[PDB]
Number of protein chains: 2
Amino acid sequence: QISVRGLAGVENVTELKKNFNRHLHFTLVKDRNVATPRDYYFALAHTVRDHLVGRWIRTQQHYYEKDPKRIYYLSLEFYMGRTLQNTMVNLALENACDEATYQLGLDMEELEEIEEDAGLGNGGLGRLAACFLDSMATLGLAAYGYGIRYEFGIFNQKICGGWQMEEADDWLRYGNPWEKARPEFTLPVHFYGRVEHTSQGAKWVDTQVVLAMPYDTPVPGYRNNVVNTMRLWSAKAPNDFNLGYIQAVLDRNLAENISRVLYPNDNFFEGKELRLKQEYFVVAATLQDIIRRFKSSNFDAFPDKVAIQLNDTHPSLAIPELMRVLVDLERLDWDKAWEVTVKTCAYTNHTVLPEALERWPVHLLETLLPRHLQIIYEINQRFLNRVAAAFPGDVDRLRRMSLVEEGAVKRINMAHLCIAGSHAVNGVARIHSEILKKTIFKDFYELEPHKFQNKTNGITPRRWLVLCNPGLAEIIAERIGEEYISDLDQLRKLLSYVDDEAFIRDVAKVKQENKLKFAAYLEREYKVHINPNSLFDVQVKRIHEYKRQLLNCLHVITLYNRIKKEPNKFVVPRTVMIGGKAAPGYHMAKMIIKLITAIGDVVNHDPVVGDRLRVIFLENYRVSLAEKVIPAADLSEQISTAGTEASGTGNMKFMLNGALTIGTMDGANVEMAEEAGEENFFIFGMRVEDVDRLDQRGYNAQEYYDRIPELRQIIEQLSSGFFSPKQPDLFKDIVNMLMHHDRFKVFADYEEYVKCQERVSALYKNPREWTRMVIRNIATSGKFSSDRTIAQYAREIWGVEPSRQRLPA
Amino acid sequence: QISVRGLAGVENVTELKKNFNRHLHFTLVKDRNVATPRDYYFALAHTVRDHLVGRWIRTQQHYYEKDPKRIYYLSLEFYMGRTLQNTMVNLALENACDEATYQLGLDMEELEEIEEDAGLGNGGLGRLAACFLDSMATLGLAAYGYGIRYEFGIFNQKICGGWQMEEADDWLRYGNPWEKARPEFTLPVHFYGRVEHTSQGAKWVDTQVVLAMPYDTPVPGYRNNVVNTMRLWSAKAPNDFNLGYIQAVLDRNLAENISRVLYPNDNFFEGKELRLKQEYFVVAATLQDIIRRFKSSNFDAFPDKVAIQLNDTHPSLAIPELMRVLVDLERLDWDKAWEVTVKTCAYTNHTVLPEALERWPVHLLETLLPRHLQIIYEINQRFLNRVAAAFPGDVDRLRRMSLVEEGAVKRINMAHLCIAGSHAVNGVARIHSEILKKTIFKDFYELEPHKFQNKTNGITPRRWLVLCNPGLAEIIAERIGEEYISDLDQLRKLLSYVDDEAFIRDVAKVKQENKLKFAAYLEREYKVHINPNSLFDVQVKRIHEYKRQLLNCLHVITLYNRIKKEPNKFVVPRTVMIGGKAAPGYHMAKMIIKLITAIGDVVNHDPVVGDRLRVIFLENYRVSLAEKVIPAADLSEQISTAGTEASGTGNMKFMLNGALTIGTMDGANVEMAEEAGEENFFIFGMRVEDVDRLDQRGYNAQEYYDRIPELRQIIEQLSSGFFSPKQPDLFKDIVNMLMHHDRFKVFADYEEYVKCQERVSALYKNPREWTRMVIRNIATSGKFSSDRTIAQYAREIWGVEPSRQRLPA
Ligand SMILES: Cc1cccc(-c2cc(=O)c3c(O)cc(O)cc3o2)c1
Ligand SMILES: Cc1cccc(-c2cc(=O)c3c(O)cc(O)cc3o2)c1
């Protein structure tokens, strides 16, 4: 149909159809008369998978022959989403499959909707892992994603009475055709036990064994015939485990619980044992596998053959574990083992928010990982000796820099461990990386300035343009060709089309189509009625105080109060859509969801309002909902308090997809505004510097309440039950927090936000100029490709060269 | 190679090879350089499965068009064993696959050994279910095996220090290529709750829901192109289950425990809740499915379209459940629902031993199945009203016949429920069925004589001859053709070959080859050295007091003591092999294993003994070990106390396979001796009548001890630590039981056993006459085909006609 979806040749289509029918019959054991849409999805899934297999085998073969340096991306989270469409895109099969399925009388788009998201992540961090794998495959790096195959991913979000309810995400119920179990590569992971000191070193004994069984999922590069591997570990009990009889068998579930469920916290540390077990499990199994591969190519060459990237501190135990293997098992001396470790490991920091930093109680590590604790103490001692020597007499520095925190309970600072044991530490946006050096890691920076880097985040333009927004991909392809899909910087060529009437018309047409398609999706799947001519004002992301969905709420109520004051005045109509999951134990986040829906209950049913203002809570925000709503958005809401959002990646998704951004100078927003020009961005609010100024003198919210009548009105409405008639005080916690303990200074940004929002409405009234500004955004979005990011990691951290050369078919 | 294994045509072989390589590549994602024997097994498994699929789809299609009466075999146990070889046999693919694999340079027999047994059964009962499915498919009945897909089957048995250790049978670890999950046919099963009485009937409310997900396994008939289904249910939690968050997800394991593990008790009732849950689970899901099918063809026709066979009382709740559906959900009146139920259901009794009879406490049923209990009470009342009217004034009868037992705790007699709610009740051998009518069900018989039938057990000659003993199958085929494989009565034609020198030579040659092959298997897999010229004296079966492995032990020690008395006298050399699992909680059974191995420790290391007497405990007796050891046996030990072994099926396996039988007039032994002639059978010991005589006067073991010096010697040796030097009193429980509380009268049969064993040795010294008697056994074994059995069930219970007509390919 459209060009970027590849060729639908007569041979190709005939082949796909016959393989489809082969799978329906032999794989699914169905015939045409009993097959459900789900059977059909499966037959197609198996058919597309068949095209991966040759390339997968060849690619892994190739890495064996060539023996390049191997990159190991360790993450507790891989937020993959659906695999089918992505596979077709990267293999150029999309049109062929559309055609083939069409001829069997099936709608491919309908079958695509049947696939479960692999929701093995919370948000930004998990999705970054997923874009990375895609980019690493596209850039022909010998790269492996290593994580945990959780039985249950991020919970499914239901709204009941405007409240979030959680349901188990049973994503494996119907099978996963993408994975391949590899029982033959099963490895033991050890827990508990005790340390025995002998003549020939320390020994870890009387451990409990859990087995780690790997599942391999193919990761196809973009049209380069490279297929990398994501290896996820499953926990399995050994067969002598507990071995009255019945209970012993039933108690196997204790061991296997390790890989049962993803912890649903976003930028929040919960110090639970099961979480530490997950962290050790993935690290122990991965390291063994890494070392097995290495030995099948002394340890001096390890760092020339291995890079290990730590995605946050979640896999920080990789550092003590590598030491443990090198010292205790391989019999290297400390100093050599340590050199190998530092040169192997690199650490990506994802946030500066203190609630997110992993500080594990010592008593937990003492029981669970007694040897790792000893190794940690040893690292700490030697590290602090370096500090002492560099900064003699600075006792305070020693305290601040220690891996071990004194206090109520002793804790290990996992971030301190990561910096000590890594040759590179990066933040995820320029401003975030600067903050790391100015603030939380100032001390570490002064010791080892060479370690601290920036690697600004990116997104894959495969999933995030071609896949989710084929209409926009095509009109771009029409002008500048297809080369940009794997070289996003080429989008700059679009700047010469900013005064082109045809292009302006096309850009606006795709947006309108996306909006119609999304408005219809709302009706079908959730029985809700939105005006497609309204401005689509979208804030989608995890529900957090720092991300200030509440600021958006205040704007929404303001628009509402303004309409009621002057019903007969013109306002640019808006659909305000807010979506995201709250962590199940995060009371305040659960309250914000309730407020959002409660505002909707009032606003959407007011006859005076008309279709001038709608408030929609988008249920079950996940990767596949993002693919739908982001192409449909006009305004991207990126309104975190300056200094809190380390980077963000949503912001990039919307830039790429023809939305304008309203946002603070926070995270990658800064680099985005710099790329597009400040005049093509709706920047408001305090800068980092202003927030600091407010902190020194003290944040008094009352001041804002006293001076801004519009704001006082909102707060009175909240307090008095305007938005909760049956429970007048439902929102007392919200009001109380805003007035007395707002860490995120919602009121401070209120005035500048509302004014800046007026400027958005003003520009929306002028379609041609709106669209021209959109063009200037899309055209400068190239920096925010994960290909750029990965190329930077490869050159400046991993010490490998990216490649765009095809492997042979 | 050999004829009964089918044709290896050039097209066939070429096809198999290319499909093998297709699977290796696409299914297994391996190439030739990385494939393990296990990969190869899998590729072949997938290749053979492909040949089933067409026939499976066609067969189920056919049952839809023709709409015949459907047989539902409900069992908690299906002891399937391996599927690969069986599939090849029934599809005539065995030679083709041998050839194809040979040309790829693989040994098919080596790959066959990689397959896990589906050990979803304990012993006789479970294996009977498996032979039945085979026969039902061979006789073209529209039949469905319904059970539970246990994650863990019968435990793997290790011997450590001569003691049984249990290990989890993780049979699904590497995948099961035979099953097909059918998530779309998932059904809710309800538990707990309470009963509400309304205007329009009783209602079962506030229940916990567990989901039952079915897995279908194909059951191929012998060369008739019929493929039936075994549907096994897996327990799955609903997604709102428990739904702080983490624990809720982890607690899903409570619900799913239902299908986790097979209870490893053989002829023993354990009144545990989890077992009752398993029993309800399989019944609830099966009935719903049965009814769904029926409605897609009023309830008057149900019994013309449905037969439900209850394999023991394990699925007895089918009766109250059917009532519950008909009365509470479908709104039939009691009497009509009851008529439908009785005409639908039939009950097979498997034992008369009281320890085996299911007597569920009322308090358990009250909590778990409150409605079923009410229905049970209602059945009881109406049943006892019939009894009262037929036997006025016989208050005692009423007590004896009640479904509800009075006492310490009230219990439901599940057997009483089965008789009341079934139109047919059968035993499993003539003598067993007679005992049912004379003793435990005398009262029920007098009320409804028409209900009581015999259906003597059988075994499938597919698995139990062709598959495990191809050499014997062939020499038979050479003389009389192949027709006997699906018509075992034709073995009678062999009687005219009893004086044929060539046949005698061939029969003896196959036995010798089987023995050599098995002796070698012992060396390879278990590093043990046996003389292949010895008589192979084999007792393989679950370890039980009633089966009197101890009697065998007494014989073994006798032979030993006789050798030591007269070292320089000739004795026919014997390898005595004893194998079987003990239930994990069955202390006495665990002691017998220890005694067996302890005898081995003494006997096998005595230089005076030479290779004249060896004692081997065969570890991990299971279906696939039976396939190996049974073809290799000379003497089948069937030595249960008369009246205890309801039938036995091992006895039949050995008859078919060229062993002579030493046994009591117990179970099917009686019919076997009747078929072959008593003079071709080594019958010894008390009859049923003699045991009764001993019971009236009282069993004094001391008497036997006082009168039989040979026996006194053994008992003194046991007592004084001859067989346990380091723990002199290890076997005090054994001695004490034999002397004071032997329910099975081991000493009573001792003298007659030892003498009869001498007659076996005498005949073994004369190979020609041994072999002639063997011929007379094989030739009369035809009655013991499960095809005869199933044909009898079909005609006299289910009301359907068997068929040997092929379905079209
Ligand atoms: C970064 C930040 C700033 C403020 C608050 C939070 C946060 C996130 C959570 O997921 C959370 C939780 O699950 C339970 C809880 O009791 C408190 C929590 O607080 C995180
Ligand atoms: C038929 C029969 C006659 C005598 C004994 C048994 C028998 C079988 C068992 O599996 C068993 C057990 O698992 C635990 C136990 O405490 C006692 C048991 O007794 C069965």
Side-chain angles (χ1 to χ4, degrees), chain A residues 122-125 154-155 164 166 244-246 262-272 275 350-358 541-550 580-593 640-641 643-646 733 737 741-746, chain B residues 122-125 154-155 164 166 244-246 262-272 275 350-358 541-550 580-593 640-641 643-646 733 737 741-746:
Chain A
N122 280 285
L125 176 145
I154 188 63
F155 63 86
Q164 163 165 302
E166 298 88 34
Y245 166 79
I246 297 291
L262 161 81
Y263 275 78
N265 305 319
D266 180 274
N267 293 300
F268 187 73
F269 175 56
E270 212 187 326
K272 296 303 221 298
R275 171 65 173 200
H350 277 284
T351 189
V352 296
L353 293 167
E355 307 70 34
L357 299 210
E358 289 195 300
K541 54 192 64 250
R542 291 297 298 263
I543 309 301
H544 262 284
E545 289 164 273
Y546 87 86
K547 297 172 177 282
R548 294 200 302 184
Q549 282 94 1
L550 268 179
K581 289 157 182 195
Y586 191 177
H587 171 69
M588 192 54 61
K590 291 178 108 150
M591 287 306 311
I592 291 152
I593 292 173
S640 52
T641 316
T644 67
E645 195 70 277
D733 289 356
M737 182 272 292
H741 353 276
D742 182 9
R743 289 171 56 216
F744 307 100
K745 306 181 167 58
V746 170
Chain B
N122 280 285
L125 176 145
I154 188 63
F155 63 86
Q164 163 165 302
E166 298 88 34
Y245 166 79
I246 297 291
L262 161 81
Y263 275 78
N265 305 319
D266 180 274
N267 293 300
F268 187 73
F269 175 56
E270 212 187 326
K272 296 303 221 298
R275 171 65 173 200
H350 277 284
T351 189
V352 296
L353 293 167
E355 307 70 34
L357 299 210
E358 289 195 300
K541 54 192 64 250
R542 291 297 298 263
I543 309 301
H544 262 284
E545 289 164 273
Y546 87 86
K547 297 172 177 282
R548 294 200 302 184
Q549 282 94 1
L550 268 179
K581 289 157 182 195
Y586 191 177
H587 171 69
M588 192 54 61
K590 291 178 108 150
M591 287 306 311
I592 291 152
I593 292 173
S640 52
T641 316
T644 67
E645 195 70 277
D733 289 356
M737 182 272 292
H741 353 276
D742 182 9
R743 289 171 56 216
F744 307 100
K745 306 181 167 58
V746 170

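So that the names make sense, note that chain A is the first sequence line, chain B the second, and so on, each numbered from 1. Whatever order the structure lists them in is the order used to number ligands and atoms, beginning at 1.
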Give a yes or no on whether the backbone of B:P584 and the side-chain of B:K590 come within a donor-acceptor separation of less than 3.5 Å. yes
Per-atom filter on ligand 2: closer than 4.0 angstrom to a heavy atom of B:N265 are 13 (O)
Could you tell me whether the side chain of A:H544 and the main chain of A:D266 form a donor-acceptor pair under 3.5 Å? yes
So is A:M588 close enough to ligand 1, meaning a heavy atom under 4.0 angstrom away? no
Starting from atom 2 (C) of ligand 2, what is the nearest protein heavy atom, named by residue and atom, and what distance separates them? B:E355 OE1, 3.5 Å
Mark yes or no for whether A:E545, through its side chain, and A:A589, through its backbone, hold a donor-acceptor pair below 3.5 Å. no
Considering only heavy atoms of B:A583, which atoms of ligand 2 have at least one such atom less than 4.0 Å away? 10 (O), 13 (O)
Name the orientation class of the two ring planes belonging to A:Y546 and A:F744 (parallel below 30°, tilted from 30 to 60°, perpendicular beyond 60°). tilted
Atom 20 (C) of ligand 2 sits nearest the protein heavy atom B:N267 O, 3.7 Å
Side chain to side chain contact (heavy atoms under 4.5 Å, CB included) partners of A:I246, counting only residues at least two apart: A:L250, B:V261, B:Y263, B:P264, B:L274
Do any heavy atoms of B:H587 fall under 4.0 Å from ligand 2? no
Which atom of A:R542 lies closest to which atom of A:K547, heavy atoms considered: O-CD, 3.1 Å
Residue B:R743 vicinity, atoms of ligand 2 by number, heavy atom under 4.0 Å: 3 (C), 4 (C)
With a cut-off of 4.0 Å, which atoms of ligand 1 are near a heavy atom of A:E545? 4 (C), 5 (C)
Of A:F269, A:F268, A:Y586, the residue with the heavy atom nearest atom 4 (C) of ligand 1 is A:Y586
Near B:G585, which atoms of ligand 2 are under 4.0 Å from a heavy atom of that residue? 12 (C), 13 (O), 14 (C), 15 (C), 16 (O)
Which atom pair, heavy atoms only, marks the closest approach of A:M588 to A:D733? CE-O, 4.0 Å
